[PDB]
Amino acid sequence: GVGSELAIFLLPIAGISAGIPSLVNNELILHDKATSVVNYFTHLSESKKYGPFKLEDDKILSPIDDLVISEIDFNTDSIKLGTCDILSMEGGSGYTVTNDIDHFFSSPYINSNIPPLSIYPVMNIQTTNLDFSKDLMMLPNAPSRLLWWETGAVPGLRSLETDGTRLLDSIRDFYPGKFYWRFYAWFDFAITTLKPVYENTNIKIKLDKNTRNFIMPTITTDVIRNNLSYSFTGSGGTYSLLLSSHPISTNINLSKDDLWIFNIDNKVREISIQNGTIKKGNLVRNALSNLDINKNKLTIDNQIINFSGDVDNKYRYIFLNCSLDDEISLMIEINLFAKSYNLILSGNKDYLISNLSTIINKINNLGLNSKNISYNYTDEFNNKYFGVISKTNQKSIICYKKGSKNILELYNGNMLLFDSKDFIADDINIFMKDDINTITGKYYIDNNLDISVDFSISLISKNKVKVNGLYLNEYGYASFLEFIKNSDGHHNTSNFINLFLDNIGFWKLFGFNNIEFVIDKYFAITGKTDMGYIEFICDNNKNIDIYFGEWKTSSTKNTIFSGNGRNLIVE
């Protein structure tokens, strides 16, 4: 639900409205005209009107473009701005004001040695009591910076009145005599050029316990990214983070119950930039080949995530996400301390079964080598499907409770083999090695809670169910002994076991009586009595014999095993 909602919005490239710096050989420039700088300052002044955050689509709480936010605190809804300083002027003689036009006898000159002017106090931007009610926020993308600037003779600027001019005049008034952005001294001079130099900025984010979804911004300029780093501090909520195609340093402080979800769609697909928007292409090959887990460091092909805090835990899972189509998505459940990950699928039974070859081909193209793939899904009507899929031989078991009836199917590739329309058993557990699957359960003989049989079986074909083992409790064992006693010499062969299974009505387990059970050459049956137990096993010729029996009275211990020829030793 988180990933599908995140993956829809066509997000802008960071710096689109504020302007991306273009690296002219020296000192990558930001703007090179008078009206361009006035427009940049208009964009800055928009933050007075909209506040520090703007609501896009009423869904994404996106910061003002190119604003230096250094800290966010969701616990008290307060932020801290960074520093945006600009070189101050000095000197100049004959200061005069005429129609808010500054006249001089000599133009002031720009000095890099005076402590520069900070802009943000001039703006009075709100930094407390913010409405952070949305779960979705795109992270800030601008580092702290000092703006060098240059003046040149620019005619025609006397009549320019936009909000950027008012912000510039405010900067002038707050620092009288230090900043003159346009002035007449025998000529009309104006701000001509802006060149920003960035400082390393660590954006500290303090989380709360509610659900939060973050989006990483796409910054195309290497300097800006390398001067940017994120540091989260969790507190025990559900947090998701959509990774960007261009890597940024991220550090996370783990608390006890953090559940973190890292969407990595932009890492596994060809990414293109069209009209300031991001377009995802085909799956890029081998994107996940470099998946590195260390107890404190998770590395994907170029994205590194460092973890801090409660790193010692070994009971905590972390999810990664990626979509293959509109319905079938692929998850990765990771345990850091165990360096473990096992793939999962989700979304459609019939679609997945029909296209299993293609899905497995894609998973191989991503470069993941885990042998078996779980399957978990919840549909719109809340019927839950779970199963195991073999990546090698495409044998897959799928279980789900339809209505009240448990349905259990086995597939070999893309065609059915078995379909139990009513599996009447409790404590069902399903295991698998590549080809051999095992279903263990407990069956109550004729709804009598006293007489239970623990069975372990294996599905072979449409009417073939191979029995691996049985365990009969006290009353079940007394019934077994009576059955031995009443058969007049047919107790040394497997067909005896088949007749017994027909006796207790084992076929009711599947609801239909056209089932052929296969008693293998290792079938072992354990019967418990009031004092001890006895285990019978089938030999190579398919004859049943006591393998091991033990029981103790108040003063005596009786044992028997096939090693000594079933001599009952009484001590």
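The sequence shown runs contiguously to residue 1656 in the entry's author numbering.
A virtual CB, placed ideally from N, CA and C, is assigned to each residue, including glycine.
- Message: Please list the terminal residues of the continuous beta strand (DSSP E) segment that includes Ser-1255.
- Response: Numbered from 1 along the sequence shown, position 170 holds the residue referred to as residue 1255. Bounds of any beta strand (DSSP E) do not take in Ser-1255; it lies within the alpha helix (DSSP H) bounded by 1248–1259.
- Task: Report all residues from its chain with a CB closer than 6 Å to the CB of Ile-1536; omit the five preceding and five following residues, and keep chain order.
- Result: Position 451 of the sequence shown holds residue 1536. The answer, listed in chain order, is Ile-1530, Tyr-1560 and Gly-1561.
- So, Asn-1457 versus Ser-1475, is the Cβ gap smaller than 8 Å? For the purposes of this step, residue 1457 is identified with residue 372 of the sequence shown, where counting begins at 1. For the purposes of this step, residue 1475 is identified with residue 390 of the sequence shown, where counting begins at 1. Contact flag set, yes.
- Item | For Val-1550 and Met-1517, believed in contact at Cβ under 8 Å, the rounded distance | Working through the sequence shown from its first residue, we reach residue 1517 at position 432. Working through the sequence shown from its first residue, we reach residue 1550 at position 465. Contact between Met-1517 and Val-1550 does not hold, since the beta-carbon distance rounds to 16 Å and is not under 8 Å.
- Query: What distance in whole Å lies between the Cβ atoms of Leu-1245 and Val-1123, which are believed to be in contact at a cut-off of 8 Å?
  - Reply: Position 38 of the sequence shown holds residue 1123. Position 160 of the sequence shown holds residue 1245. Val-1123 to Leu-1245, Cβ: 6 Å. Contact.
- Item | Reduced DSSP category for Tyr-1265 - H, G, I as helix; E, B as strand; rest coil | For this step, residue 1265 is matched to residue 180 along the sequence shown. When DSSP states are grouped into helix, strand and coil, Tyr-1265 belongs to the coil group.
- With burial defined as no fewer than 16 other Cβ atoms inside 10 Å of the residue's Cβ, what is the status of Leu-1584: buried or exposed? Mapped onto the sequence shown, residue 1584 falls at position 499. Counting Cβ neighbours within 10 Å, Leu-1584 comes out exposed, since fewer than 16 surround it.
- Task: Can you tell me which of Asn-1209, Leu-1108 and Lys-1263 puts its alpha carbon nearest to the alpha carbon of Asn-1196?
- Result: Taking the first residue of the sequence shown as 1, we reach residue 1196 at position 111. Nearest of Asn-1209, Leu-1108 and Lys-1263 to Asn-1196, Cα basis: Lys-1263.
- Item | Beta-carbon proximity list for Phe-1392, same chain, < 6 Å, skipping 5 on both sides | On the sequence shown, residue 1392 is found 307 positions in, with the first residue counted as 1. Correct list, in chain order: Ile-1337, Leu-1339 and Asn-1381.
- Within 8 Å, strictly: CB atoms of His-1128 and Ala-1099: Along the sequence shown, one-based indexing puts residue 1128 at 43. Along the sequence shown, one-based indexing puts residue 1099 at 14. It is not a contact, given that the beta carbons lie outside the stated cut-off.
- Message: Below 8 Å on the Cβ atoms is my contact criterion, and I expect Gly-1167 with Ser-1155 to pass it. Report the Cβ-Cβ distance as a whole number of Å.
- Response: Here residue 1167 corresponds to residue number 82 of the sequence shown, with the count starting at 1. Here residue 1155 corresponds to residue number 70 of the sequence shown, with the count starting at 1. Between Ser-1155 and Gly-1167 the Cβ distance is about 4 Å, and since that is below 8 Å, they are a contact.
- Inter-stretch contact (C-beta, 8 Å, three-pair minimum) for the stretch 1266–1282 and the stretch 1135–1148: At 8 Å Cβ cutoff, the stretches do not touch.
- Count the other C-beta atoms from every protein chain shown that fall within 10 angstroms of the C-beta of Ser-1218, then say buried if there are 16 or more, exposed otherwise. To locate residue 1218, count along the sequence shown from 1; it is residue 133. Answer is exposed; the Cβ neighbour count stays below 16.
- Message: Can you list, in chain order, the residues of its chain with a C-beta nearer than 7 Å to that of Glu-1235? Leave out the 5 residues immediately preceding and following it.
- Response: Here the question's residue 1235 lines up with position 150 in the sequence shown. Excluding sequence neighbours, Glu-1235 sits near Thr-1277 and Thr-1278.
- Collapsed DSSP secondary structure at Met-1517 in the structure displayed: Along the sequence shown, read from residue 1 onward, the residue named residue 1517 stands at position 432. Here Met-1517 sits in strand by DSSP.
- Roughly how many whole angstroms lie between the Cα atoms of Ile-1199 and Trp-1266? Locating residue 1199 in the sequence shown gives position 114, where the first residue counts as 1. Locating residue 1266 in the sequence shown gives position 181, where the first residue counts as 1. Cα-Cα distance, rounded: 17 Å.
- Closest Cα partner of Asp-1520 within the set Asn-1643, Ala-1510, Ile-1545 and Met-1416: On the sequence shown, residue 1520 is found 435 positions in, with the first residue counted as 1. Closest option to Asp-1520, Cα to Cα, is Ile-1545.
- Is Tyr-1135 buried or exposed, if buried means 16 or more other CB atoms sit within 10 Å of its CB? Taking the sequence shown and counting its residues from 1, the one referred to as residue 1135 is at position 50. Residue burial is scored here from C-beta neighbours: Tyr-1135 has fewer than 16 other C-beta atoms within 10 angstroms and is therefore classed as exposed.
- Could you tell me the boundaries of the beta strand (DSSP E) in which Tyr-1529 lies? Taking the first residue of the sequence shown as position 1, residue 1529 is located at position 444. Unbroken beta strand (DSSP E) run through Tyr-1529: 1522–1529.
- Item | Cβ distance (whole Å) where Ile-1204 is taken to contact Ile-1256 below 8 Å | Residue mapping note: residue 1204 aligns to position 119 of the sequence shown, counting from 1. Residue mapping note: residue 1256 aligns to position 171 of the sequence shown, counting from 1. Approximately 6 Å separates the beta-carbon atoms of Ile-1204 and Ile-1256; this is inside 8 Å, confirming the contact.
- Message: Between the alpha carbons of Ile-1105 and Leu-1202, how many angstroms are there, rounded?
- Response: Position 20 of the sequence shown, counted from the start, is the residue given in the question as residue 1105. Position 117 of the sequence shown, counted from the start, is the residue given in the question as residue 1202. Across the structure, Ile-1105 and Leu-1202 are spaced so that their CA atoms are roughly 23 Å apart.
- Between which two residues does the alpha helix (DSSP H) containing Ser-1579 stretch? The residue labelled residue 1579 in the question sits at position 494 within the sequence shown. Counting along the chain, the alpha helix (DSSP H) containing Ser-1579 begins and ends at 1579–1588.
- Query: Is there contact here, the stretch 1504–1515 with the stretch 1448–1462, by at least three beta-carbon pairs under 8 Å?
  - Reply: A contact between stretches requires three or more CB pairs, one per stretch, nearer than 8 Å, and the stretch 1504–1515 fails this requirement with the stretch 1448–1462.
- Task: Report yes if the CB atom of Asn-1427 is closer than 8 Å to the CB atom of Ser-1455, and no otherwise.
- Result: Stepping through the sequence shown from its first residue, residue 1427 is reached at position 342. Stepping through the sequence shown from its first residue, residue 1455 is reached at position 370. Yes, they are a contact pair.
- Query: What first and last residue would you give for the beta strand (DSSP E) that runs through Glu-1141?
  - Reply: On the sequence shown, position 56 is the one that residue 1141 refers to. 1138–1141 is the extent of the beta strand (DSSP E) around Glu-1141.
- Query: To the nearest whole angstrom, what separates the beta carbons of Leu-1405 and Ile-1419, a pair I think is in contact under 8 Å?
  - Reply: Translated into positions along the sequence shown, residue 1405 becomes position 320. Translated into positions along the sequence shown, residue 1419 becomes position 334. Separation of the CB atoms of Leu-1405 and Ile-1419 is rounded to 7 Å, and the pair is thereby assigned contact status at 8 Å.
- With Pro-1206 as the anchor, note down where its alpha helix (DSSP H) starts and where it stops. Taking the sequence shown and counting its residues from 1, the one referred to as residue 1206 is at position 121. According to the DSSP assignment, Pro-1206 belongs to the alpha helix (DSSP H) that extends over 1205–1208.
- Message: How far does the beta strand (DSSP E) with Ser-1329 in it extend, from its first residue to its last?
- Response: As a first step, residue 1329 must be located in the sequence shown, where it is residue number 244. Element bounds for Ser-1329: n/a, residue is neither H nor E.
- Assumed close pair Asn-1375, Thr-1362 - CB separation to whole angstroms, cut-off 8 Å: In the sequence shown, residue 1375 corresponds to position 290, counting from 1. In the sequence shown, residue 1362 corresponds to position 277, counting from 1. For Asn-1375 against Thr-1362, the beta-carbon gap comes to about 28 Å, at or over 8 Å, which does not count as contact.
- Query: Between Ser-1330 and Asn-1351, is the Cβ-Cβ spacing less than 8 Å?
  - Reply: Counted from its first residue, the sequence shown places residue 1330 at position 245. Counted from its first residue, the sequence shown places residue 1351 at position 266. Yes, these two residues count as a Cβ contact at 8 Å.
- Helix or strand or just coil, what does DSSP make of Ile-1438? What you label residue 1438 is simply residue 353 of the sequence shown in a count that begins at 1. Looking at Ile-1438 - three-state DSSP - the assignment turns out to be helix.
- Query: If we call anything under 8 Å between Cβ atoms a contact, is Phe-1299 one with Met-1222?
  - Reply: Along the sequence shown, one-based indexing puts residue 1299 at 214. Along the sequence shown, one-based indexing puts residue 1222 at 137. Contact: yes.
- Neighbourhood of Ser-1325 by C-beta, 6 Å cutoff - its chain only, sequence neighbours within 5 removed: Against the sequence shown, residue 1325 aligns to sequence position 240. Result list for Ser-1325: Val-1087, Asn-1298 and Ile-1346, in chain order.
- Query: By Cβ distance, which residues of its chain are closer than 6 Å to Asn-1367, with the 5 residues on each side in sequence left out?
  - Reply: As a working note, residue 1367 is residue 282 in the sequence shown. Hits under 6 Å: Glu-1355.
- Under 8 Å between the Cβ atoms of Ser-1192 and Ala-1270? Walking along the sequence shown from the start, residue 1192 turns up at place 107. Walking along the sequence shown from the start, residue 1270 turns up at place 185. Going by beta carbons, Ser-1192 and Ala-1270 fall inside the 8 Å limit.
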